[PDB]
Amino acid sequence: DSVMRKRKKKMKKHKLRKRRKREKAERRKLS
Amino acid sequence: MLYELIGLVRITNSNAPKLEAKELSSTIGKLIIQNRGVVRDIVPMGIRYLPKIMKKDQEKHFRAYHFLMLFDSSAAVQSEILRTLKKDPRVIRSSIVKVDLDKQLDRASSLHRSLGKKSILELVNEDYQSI
Amino acid sequence: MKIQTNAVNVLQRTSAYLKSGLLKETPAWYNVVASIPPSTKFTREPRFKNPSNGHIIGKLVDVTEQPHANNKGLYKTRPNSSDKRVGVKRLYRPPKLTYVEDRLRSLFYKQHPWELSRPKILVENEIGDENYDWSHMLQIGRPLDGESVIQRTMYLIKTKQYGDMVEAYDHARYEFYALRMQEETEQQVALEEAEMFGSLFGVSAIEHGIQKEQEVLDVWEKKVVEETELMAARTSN
Amino acid sequence: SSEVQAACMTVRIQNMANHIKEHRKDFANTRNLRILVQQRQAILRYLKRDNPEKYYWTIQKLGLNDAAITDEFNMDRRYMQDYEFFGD
Amino acid sequence: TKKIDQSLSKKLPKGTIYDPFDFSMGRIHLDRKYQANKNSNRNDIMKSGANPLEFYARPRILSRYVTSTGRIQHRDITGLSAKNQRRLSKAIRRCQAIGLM
Amino acid sequence: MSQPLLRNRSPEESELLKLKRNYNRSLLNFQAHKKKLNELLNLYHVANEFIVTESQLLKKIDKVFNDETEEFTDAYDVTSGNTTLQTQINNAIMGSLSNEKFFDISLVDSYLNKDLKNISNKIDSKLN
Amino acid sequence: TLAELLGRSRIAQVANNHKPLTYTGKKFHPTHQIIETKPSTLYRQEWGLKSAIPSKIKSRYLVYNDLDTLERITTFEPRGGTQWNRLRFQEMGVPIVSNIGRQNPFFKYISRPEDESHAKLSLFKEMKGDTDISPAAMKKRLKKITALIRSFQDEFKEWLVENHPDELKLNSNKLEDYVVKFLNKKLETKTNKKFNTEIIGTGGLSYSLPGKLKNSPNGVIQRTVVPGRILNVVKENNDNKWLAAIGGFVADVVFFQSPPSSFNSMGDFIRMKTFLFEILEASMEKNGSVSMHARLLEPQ
RNA sequence: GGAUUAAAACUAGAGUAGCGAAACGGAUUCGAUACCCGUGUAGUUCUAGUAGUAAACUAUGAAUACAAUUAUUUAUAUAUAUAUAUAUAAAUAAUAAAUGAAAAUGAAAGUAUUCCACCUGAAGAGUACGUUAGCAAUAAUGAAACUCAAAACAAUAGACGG
Ligand SMILES: [K+]
Ligand SMILES: [K+]
Ligand SMILES: [Mg+2]
Ligand SMILES: [Mg+2]
Ligand SMILES: [Mg+2]
Ligand SMILES: [Mg+2]
Ligand SMILES: [Mg+2]
Ligand SMILES: [Mg+2]
Ligand SMILES: [Mg+2]
Ligand SMILES: [Mg+2]
Ligand SMILES: [Mg+2]
Ligand SMILES: [Mg+2]
Ligand SMILES: [Mg+2]
Ligand SMILES: [Mg+2]
Ligand SMILES: [Mg+2]
Ligand SMILES: [Mg+2]
């Protein structure tokens, strides 16, 4: 796939990583 | 295995330039012959100026007596000789390179092989048949 | 490039035009081409002999044909790797033509470098007219040169007068020296005899060279002076 | 002959195994050892099919058993721990 | 001036044959263009058949293939075969480590 | 088409084939064995220069590190093969009857084969 | 057949040559065969080669290496100037003489073994004449020969004990002599370098026999006078003789006593003037060069 | 199934010059959580482990048989009038044929054969859930619903380019 199409997967991976960092943080405070 | 040692001995006394080299060759030669080894040749190379000022055991040097020693010994003995040379304050630099004997049993020193004399027999036969 | 089909089938494509009626009149070439068909196979052809030396191409020597030991002292009992590789390519590769005379020709001009300085004409007259009897070196129609020696050497080895090629070659070389010496004298004497009867010549070969060298040495003088003055200015910087 | 090949491989396997025991991080030569051991298995498996009597004689003399030859072997980490290849 | 730079005059050797063109400037330029160190082979030990690795204890010979600072010359300059260049470079590196070069 | 595709070797052909193949293997083993002995002979000729005792070591050190002795200083391309090539040529032609100090295995072979002795007597008998 | 005809064709007659057409080293003799075309053929660019020579070429003489190449051109140089050097030598009428007084190579003389007393000098020249031989092909002259010579051991182990047994029991000083002769005697039948590529005599520069006098209307010519040019204004360094350019050859000029004053005056342009020279002798060296000695005849 | 597996990361014990996430400062800027500069913690290093992921790419699985040329190296062998010449392989470059959507591939991306892996519109999604493994970060396995008539590749002519 071209760079243009790769960029869509890049955004999805970024948002998943951002959400998992956010979830981690919560667990630390709630723990 | 056949090994070729090249040692740069220190010239402390300008009056006796070839004194530590003789004492060192005897020490190394005795180790070889006392551990089932054979000393094939000892080619002195003379006093030469070092490419730079070198240091050893908190001392500096600008010249050294170069000498070559072709000897046959086991790998364990060869490492023992190298360990003693790396510790002796007299020795400034020492290298031991293996000389392959796979194809022929009698190989001359690299210095001689560089001059076309591949075996010690060629060197000896040029000192008897023509000298 | 692909093997073309339309150049050799003009007769068949034309015949379809005439049969249908698209072309009313038969072309003038039509009958001529029909009676003389073009060759249309365009195939690669194997070859089983070198025409120059008669060496056979495509023959494998079997182990049964090598019963005796080799130069190493070993017998051959099984085919080697080379014998087991297909050699079809050798059948199709144009054979390298070789000649024994080529070896002698190189030798002659290595021994006599100045024979190269004698101009040779490569333009042929008529190869089919050459009626030469190589019992003697001189021949009417061709110059005396290195080729005269080589052909004489071959005739000697062909007639079996000499066995070794070297001996035949040496014999021919001396015949060549004798003919070369008689010609060097005929030219020297002819010049001497003419001058003694009042012949005059404008420019000799030595004079021709001096004049040509002067023309070159004059241009060289100008440039040297010019370039020995630009240097002086450029170096002054 | 398969018996000779297996014996010649055995000598090299023994030497190579000794090397690995002193060079446990030399993975390049561990891979070579694995392949060589598997090659010996293949040659002996053919021998069992070709000449069963010689096969059993050969493996007995080499110190192996039928299981060592027939069973799939990968010389993996579990093998190095179950037979204490490196010792301790 | 009765003097010419050597670069502007050709000295014909003794025993050689010459043509009128040999006195021209074209000959001077042609000799410069086609001036290559082809006589090195006969004076180049490493292009004779010796193994360059046998000279690791002879810095004088090895110093002929390094620049003024000791940088090994590229094969494009030495003109050696791939094997001899490979062996020569090893010899020089070994010589440097021994303390001779 | 009627010709058989393969003709099996006759028992006699297989016998001659085995003779040649056994000979080939035996000749190579013999030639390698003789080459090794010839190298052992050329090593014996030079073993007088090798040191295995302290007495030899002291003599070698003195003879090499002496002011008279010359040392390989590698400062100039010294000037001067044939010598060693002449010993080879003579040992190839003469063989057992050679005058070279460094001889080949021919001499040792003639000794153990009763040739250097059966020729010495032959020459002496001729002189008689 | 076509193959037979091709071998005898005029193109086949020219020996293969790949020597550089542009050579800047020392030239002692011709290296390429001069090709000549007639004026009629030149008008049609026909030279008897594979392809037409470009019309720009106006000379009728050329030298070539390859009939055709991957660049779709002929490799040739439009020059034929070594022929004029040979003809100018002929005009100087100086026969080439041997400075060593050797037999004339162009005569079939009955020679004897006077020089064959150096059998060990030249029998070993085959293996010792290897100045420019490969390091391993020259080494193949050691095992290949050793086996050949070692195959004559039985023959020499019987001949020597049957013709010179005393030497075998007394000294090898004479045995070595019998060995050198044996191999040569068993090698003359063989063919080792049976063809010798060395230049034979003059190499074809001159086929003139010494002895003849040049008759002229003004009497017999006793001294040959030839115009020439002085190249250097200072004698060859380390040599007591200057250099002259006479008839396409560089000679060594010896002056009577003093050097004419035009030398200092002209300086580095001395080559711009023509002097008269006398050709004393002409010799031939083994490299194939001609050693021409001259004398600067000065108006007196 | 097994083994090995860049960088980052992690668990212990050392090391820590230089570099350098982060952090704290200096600038730039309309603003500058950046680009540039400073101080510089983890890390980068070694020893013993965990983990098995990369545009881990030639974006091209492995094996076998076969097909037209040239050039250039390399290797082996052969010959000699001793340094070339002649052979047979390998590699690389440019190609014929063939193939292909074409770009191109070129001894395969050709002509065939054998075996394995994998794919079936886009997005949702390599996500959710479950399970397995790991100290952990995570890795592997891996959907469906809803929505849409899209989505993608090569090439062509333009327009534009700090
Ligand atoms: K650090
Ligand atoms: K696969
Ligand atoms: Mg894809
Ligand atoms: Mg297998
Ligand atoms: Mg890396
Ligand atoms: Mg840590
Ligand atoms: Mg900040
Ligand atoms: Mg700010
Ligand atoms: Mg920073
Ligand atoms: Mg692991
Ligand atoms: Mg991941
Ligand atoms: Mg992946
Ligand atoms: Mg990579
Ligand atoms: Mg495989
Ligand atoms: Mg996952
Ligand atoms: Mg596109």
# chains A, B, ... in the order shown; residues from 1 in each chain; ligands from 1

call {"tool": "residues_around", "arguments": {"residues": "residue 83 (chain E)", "least_positions_apart": "5", "cutoff": "12 Å", "atoms": "only C-alpha atoms (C1' of nucleotides)", "output": "PyMOL selection string"}}
result
(chain E and resi 46-47+49-53+75+88-90) or (chain H and resi 74)

call {"tool": "residues_near_ligand", "arguments": {"ligand": "ligand 12", "cutoff": "10 Å", "atoms": "only C-alpha atoms (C1' of nucleotides) and all ligand atoms", "output": "PyMOL selection string"}}
result
chain H and resi 53-54+56

call {"tool": "residues_near_ligand", "arguments": {"ligand": "ligand 10", "cutoff": "10 Å", "atoms": "only C-alpha atoms (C1' of nucleotides) and all ligand atoms", "output": "ChimeraX atom specification"}}
result
/H:3-5,49-52

call {"tool": "write_last_selection", "arguments": {"atoms": "N, CA and C atoms (P, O5', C5', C4', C3', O3' and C1' of nucleotides)", "output": "PDB file, in the first residue's frame"}}
result
ATOM      1  P     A H   3      12.953 -24.078  21.045  1.00  0.00           P
ATOM      2  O5'   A H   3      14.133 -23.509  20.142  1.00  0.00           O
ATOM      3  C5'   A H   3      15.404 -24.140  20.119  1.00  0.00           C
ATOM      4  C4'   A H   3      16.239 -23.659  18.959  1.00  0.00           C
ATOM      5  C3'   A H   3      16.529 -22.166  18.919  1.00  0.00           C
ATOM      6  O3'   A H   3      17.612 -21.795  19.754  1.00  0.00           O
ATOM      7  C1'   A H   3      15.788 -22.877  16.795  1.00  0.00           C
ATOM      8  P     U H   4      17.619 -20.375  20.503  1.00  0.00           P
ATOM      9  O5'   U H   4      17.975 -19.332  19.355  1.00  0.00           O
ATOM     10  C5'   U H   4      19.247 -19.351  18.725  1.00  0.00           C
ATOM     11  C4'   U H   4      19.239 -18.575  17.432  1.00  0.00           C
ATOM     12  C3'   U H   4      18.850 -17.109  17.532  1.00  0.00           C
ATOM     13  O3'   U H   4      19.914 -16.279  17.961  1.00  0.00           O
ATOM     14  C1'   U H   4      17.675 -18.109  15.749  1.00  0.00           C
ATOM     15  P     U H   5      19.616 -14.978  18.853  1.00  0.00           P
ATOM     16  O5'   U H   5      18.765 -14.034  17.895  1.00  0.00           O
ATOM     17  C5'   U H   5      19.331 -13.498  16.709  1.00  0.00           C
ATOM     18  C4'   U H   5      18.280 -12.876  15.825  1.00  0.00           C
ATOM     19  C3'   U H   5      17.475 -11.741  16.437  1.00  0.00           C
ATOM     20  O3'   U H   5      18.158 -10.502  16.388  1.00  0.00           O
ATOM     21  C1'   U H   5      16.021 -13.251  15.330  1.00  0.00           C
ATOM     22  P     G H  49      22.248 -16.792  30.290  1.00  0.00           P
ATOM     23  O5'   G H  49      20.857 -16.388  30.946  1.00  0.00           O
ATOM     24  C5'   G H  49      19.728 -16.082  30.143  1.00  0.00           C
ATOM     25  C4'   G H  49      18.624 -15.471  30.966  1.00  0.00           C
ATOM     26  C3'   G H  49      17.334 -15.165  30.227  1.00  0.00           C
ATOM     27  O3'   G H  49      16.521 -16.310  30.038  1.00  0.00           O
ATOM     28  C1'   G H  49      17.933 -13.310  31.554  1.00  0.00           C
ATOM     29  P     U H  50      15.647 -16.464  28.699  1.00  0.00           P
ATOM     30  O5'   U H  50      14.450 -15.439  28.912  1.00  0.00           O
ATOM     31  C5'   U H  50      13.587 -15.559  30.032  1.00  0.00           C
ATOM     32  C4'   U H  50      12.643 -14.389  30.131  1.00  0.00           C
ATOM     33  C3'   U H  50      11.804 -14.107  28.896  1.00  0.00           C
ATOM     34  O3'   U H  50      10.663 -14.942  28.809  1.00  0.00           O
ATOM     35  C1'   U H  50      12.734 -12.086  29.710  1.00  0.00           C
ATOM     36  P     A H  51      10.292 -15.675  27.430  1.00  0.00           P
ATOM     37  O5'   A H  51       9.789 -14.496  26.486  1.00  0.00           O
ATOM     38  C5'   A H  51       8.657 -13.712  26.833  1.00  0.00           C
ATOM     39  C4'   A H  51       8.647 -12.408  26.077  1.00  0.00           C
ATOM     40  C3'   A H  51       8.664 -12.526  24.561  1.00  0.00           C
ATOM     41  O3'   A H  51       7.365 -12.710  24.022  1.00  0.00           O
ATOM     42  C1'   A H  51      10.304 -10.962  25.260  1.00  0.00           C
ATOM     43  P     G H  52       7.023 -13.990  23.116  1.00  0.00           P
ATOM     44  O5'   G H  52       7.420 -13.534  21.644  1.00  0.00           O
ATOM     45  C5'   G H  52       6.895 -12.336  21.079  1.00  0.00           C
ATOM     46  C4'   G H  52       7.683 -11.923  19.863  1.00  0.00           C
ATOM     47  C3'   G H  52       7.670 -12.932  18.722  1.00  0.00           C
ATOM     48  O3'   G H  52       7.809 -12.251  17.477  1.00  0.00           O
ATOM     49  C1'   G H  52       9.874 -12.690  19.520  1.00  0.00           C
TER      50        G H  52
END

call {"tool": "closest_residue", "arguments": {"among": "D:79, D:41, D:12, D:35", "to": "ligand 14", "atoms": "only C-alpha atoms and all ligand atoms"}}
result
D:35

call {"tool": "residues_near_ligand", "arguments": {"ligand": "ligand 4", "cutoff": "10 Å", "atoms": "only C-alpha atoms (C1' of nucleotides) and all ligand atoms", "output": "ChimeraX atom specification"}}
result
/D:35-36,38-43

call {"tool": "closest_residue", "arguments": {"among": "C:150, C:116, C:156, C:191", "to": "chain G", "atoms": "only C-alpha atoms"}}
result
C:116

call {"tool": "residues_near_ligand", "arguments": {"ligand": "ligand 9", "cutoff": "12 Å", "atoms": "only C-alpha atoms (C1' of nucleotides) and all ligand atoms", "output": "list in words"}}
result
residues 19, 20, 21, 22, 23, 24, 25, 26, 34, 35, 36, 37, 38, 39 and 40 of chain H

call {"tool": "closest_atom_pairs", "arguments": {"of": "chain C", "to": "chain H", "cutoff": "10 Å", "atoms": "only C-alpha atoms (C1' of nucleotides)", "output": "Markdown table"}}
result
| residue | atom | partner | partner_atom | distance |
| --- | --- | --- | --- | --- |
| C:1 | CA | H:96 | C1' | 5.8 |
| C:2 | CA | H:97 | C1' | 7.0 |
| C:3 | CA | H:97 | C1' | 9.5 |
| C:82 | CA | H:88 | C1' | 7.8 |
| C:85 | CA | H:88 | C1' | 10.0 |
| C:96 | CA | H:86 | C1' | 9.7 |
| C:103 | CA | H:81 | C1' | 7.2 |
| C:104 | CA | H:81 | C1' | 8.0 |
| C:106 | CA | H:81 | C1' | 8.2 |
| C:107 | CA | H:81 | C1' | 6.2 |
| C:108 | CA | H:81 | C1' | 9.9 |
| C:110 | CA | H:81 | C1' | 9.5 |

call {"tool": "select_by_dssp", "arguments": {"residues": "region 37-109 of chain B", "states": "helix (DSSP H, G or I)", "output": "list in words"}}
result
residues 75, 76, 77, 78, 79, 80, 81, 82, 83, 84, 85, 86 and 87 of chain B

call {"tool": "interface_residues", "arguments": {"of": "chain E", "to": "chain G", "cutoff": "9 Å", "atoms": "only C-alpha atoms", "output": "number ranges by chain"}}
result
E: 1-4, 9, 11-20, 27, 30-31, 34-35, 42, 48-50

call {"tool": "write_last_selection", "arguments": {"atoms": "C-alpha atoms", "output": "PDB file, in the first residue's frame"}}
result
ATOM      1  CA  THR E   1      65.464  34.231 -25.085  1.00  0.00           C
ATOM      2  CA  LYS E   2      67.464  31.080 -25.874  1.00  0.00           C
ATOM      3  CA  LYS E   3      65.580  28.912 -23.359  1.00  0.00           C
ATOM      4  CA  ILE E   4      62.403  26.829 -23.496  1.00  0.00           C
ATOM      5  CA  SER E   9      60.043  20.499 -25.944  1.00  0.00           C
ATOM      6  CA  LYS E  11      63.641  14.982 -26.169  1.00  0.00           C
ATOM      7  CA  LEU E  12      63.819  12.135 -28.673  1.00  0.00           C
ATOM      8  CA  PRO E  13      65.630   9.115 -27.160  1.00  0.00           C
ATOM      9  CA  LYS E  14      68.694   7.636 -28.830  1.00  0.00           C
ATOM     10  CA  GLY E  15      68.170   4.698 -31.169  1.00  0.00           C
ATOM     11  CA  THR E  16      64.483   5.474 -31.712  1.00  0.00           C
ATOM     12  CA  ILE E  17      62.727   6.265 -34.974  1.00  0.00           C
ATOM     13  CA  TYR E  18      60.740   9.471 -35.368  1.00  0.00           C
ATOM     14  CA  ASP E  19      58.251  11.157 -37.680  1.00  0.00           C
ATOM     15  CA  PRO E  20      57.901  14.877 -38.459  1.00  0.00           C
ATOM     16  CA  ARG E  27      53.033  15.113 -29.647  1.00  0.00           C
ATOM     17  CA  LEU E  30      49.474  13.393 -26.709  1.00  0.00           C
ATOM     18  CA  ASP E  31      52.324  12.228 -24.475  1.00  0.00           C
ATOM     19  CA  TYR E  34      48.592   8.911 -22.457  1.00  0.00           C
ATOM     20  CA  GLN E  35      51.094   9.175 -19.581  1.00  0.00           C
ATOM     21  CA  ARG E  42      57.783  -4.547 -13.314  1.00  0.00           C
ATOM     22  CA  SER E  48      54.441  -9.830  -9.480  1.00  0.00           C
ATOM     23  CA  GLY E  49      52.777 -12.785  -7.745  1.00  0.00           C
ATOM     24  CA  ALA E  50      54.067 -12.471  -4.185  1.00  0.00           C
TER      25      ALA E  50
END

call {"tool": "residues_near_ligand", "arguments": {"ligand": "ligand 1", "cutoff": "9 Å", "atoms": "only C-alpha atoms (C1' of nucleotides) and all ligand atoms", "output": "ChimeraX atom specification"}}
result
/H:15-20,43-45

call {"tool": "interface_residues", "arguments": {"of": "chain A", "to": "chain H", "cutoff": "10 Å", "atoms": "only C-alpha atoms (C1' of nucleotides)", "output": "NGL selection string"}}
result
:A and (1 or 5 or 9 or 12-13 or 16)

call {"tool": "write_last_selection", "arguments": {"atoms": "C-alpha atoms", "output": "compact mmCIF listing (two decimals), in the first residue's frame"}}
result
# COMPACT_ATOMS: atom_id res chain seq x y z
CA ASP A 1 0.00 0.00 0.00
CA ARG A 5 -3.01 4.56 2.57
CA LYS A 9 -3.45 2.76 9.56
CA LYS A 12 -5.74 4.14 13.90
CA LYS A 13 -2.66 2.78 15.65
CA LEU A 16 -5.32 2.90 20.06

call {"tool": "residues_around", "arguments": {"residues": "residue 8 (chain E)", "least_positions_apart": "4", "cutoff": "8 Å", "atoms": "only C-alpha atoms (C1' of nucleotides)", "output": "VMD selection string"}}
result
(chain C and resid 224) or (chain E and resid 4 25 28)

call {"tool": "write_last_selection", "arguments": {"atoms": "C-alpha atoms", "output": "PDB file, in the first residue's frame"}}
result
ATOM      1  CA  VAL C 224      56.542  27.835 -27.944  1.00  0.00           C
TER       2      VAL C 224
ATOM      3  CA  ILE E   4      62.403  26.829 -23.496  1.00  0.00           C
ATOM      4  CA  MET E  25      52.899  20.420 -29.984  1.00  0.00           C
ATOM      5  CA  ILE E  28      53.643  16.988 -26.388  1.00  0.00           C
TER       6      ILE E  28
END

call {"tool": "residues_near_ligand", "arguments": {"ligand": "ligand 2", "cutoff": "12 Å", "atoms": "only C-alpha atoms (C1' of nucleotides) and all ligand atoms", "output": "list in words"}}
result
residues 61, 62, 63, 115, 116, 117 and 118 of chain H

call {"tool": "residues_around", "arguments": {"residues": "residue 123 (chain C)", "least_positions_apart": "6", "cutoff": "8 Å", "atoms": "only C-alpha atoms (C1' of nucleotides)", "output": "PyMOL selection string"}}
result
chain G and resi 10+37+46-49

call {"tool": "residues_around", "arguments": {"residues": "residue 83 (chain B)", "least_positions_apart": "5", "cutoff": "12 Å", "atoms": "only C-alpha atoms (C1' of nucleotides)", "output": "MDAnalysis selection string"}}
result
chainID B and resid 28 31 76:78 88 91 94:96

call {"tool": "write_last_selection", "arguments": {"atoms": "N, CA, C and O atoms", "output": "mmCIF file, in the first residue's frame"}}
result
data_model
loop_
_atom_site.group_PDB
_atom_site.id
_atom_site.type_symbol
_atom_site.label_atom_id
_atom_site.label_comp_id
_atom_site.auth_asym_id
_atom_site.auth_seq_id
_atom_site.Cartn_x
_atom_site.Cartn_y
_atom_site.Cartn_z
ATOM 1 N N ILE B 28 62.446 -16.914 26.229
ATOM 2 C CA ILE B 28 61.373 -17.452 25.401
ATOM 3 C C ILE B 28 61.776 -18.801 24.822
ATOM 4 O O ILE B 28 60.981 -19.747 24.802
ATOM 5 N N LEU B 31 61.385 -21.570 27.402
ATOM 6 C CA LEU B 31 59.993 -21.965 27.586
ATOM 7 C C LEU B 31 59.550 -22.925 26.492
ATOM 8 O O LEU B 31 58.858 -23.912 26.762
ATOM 9 N N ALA B 76 48.444 -24.200 23.758
ATOM 10 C CA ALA B 76 48.531 -23.809 25.162
ATOM 11 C C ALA B 76 49.875 -23.162 25.474
ATOM 12 O O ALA B 76 49.936 -22.155 26.188
ATOM 13 N N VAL B 77 50.965 -23.724 24.948
ATOM 14 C CA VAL B 77 52.279 -23.131 25.169
ATOM 15 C C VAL B 77 52.372 -21.774 24.485
ATOM 16 O O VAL B 77 52.957 -20.829 25.029
ATOM 17 N N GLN B 78 51.805 -21.652 23.283
ATOM 18 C CA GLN B 78 51.859 -20.380 22.571
ATOM 19 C C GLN B 78 51.174 -19.278 23.367
ATOM 20 O O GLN B 78 51.667 -18.145 23.423
ATOM 21 N N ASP B 88 56.229 -8.782 30.513
ATOM 22 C CA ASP B 88 57.631 -8.422 30.688
ATOM 23 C C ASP B 88 57.831 -6.939 30.396
ATOM 24 O O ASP B 88 57.470 -6.482 29.304
ATOM 25 N N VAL B 91 59.689 -6.051 26.966
ATOM 26 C CA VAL B 91 58.988 -6.125 25.689
ATOM 27 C C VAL B 91 58.077 -4.912 25.553
ATOM 28 O O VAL B 91 57.266 -4.628 26.441
ATOM 29 N N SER B 94 54.640 -7.148 21.109
ATOM 30 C CA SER B 94 54.863 -8.537 20.728
ATOM 31 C C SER B 94 53.648 -9.065 19.984
ATOM 32 O O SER B 94 52.512 -8.859 20.421
ATOM 33 N N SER B 95 53.892 -9.741 18.864
ATOM 34 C CA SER B 95 52.844 -10.362 18.066
ATOM 35 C C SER B 95 53.255 -11.781 17.708
ATOM 36 O O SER B 95 54.409 -12.027 17.345
ATOM 37 N N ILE B 96 52.311 -12.713 17.810
ATOM 38 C CA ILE B 96 52.520 -14.105 17.425
ATOM 39 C C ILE B 96 51.463 -14.457 16.390
ATOM 40 O O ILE B 96 50.263 -14.467 16.696
#

call {"tool": "residues_near_ligand", "arguments": {"ligand": "ligand 6", "cutoff": "10 Å", "atoms": "only C-alpha atoms (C1' of nucleotides) and all ligand atoms", "output": "PyMOL selection string"}}
result
chain H and resi 10-14+42-43
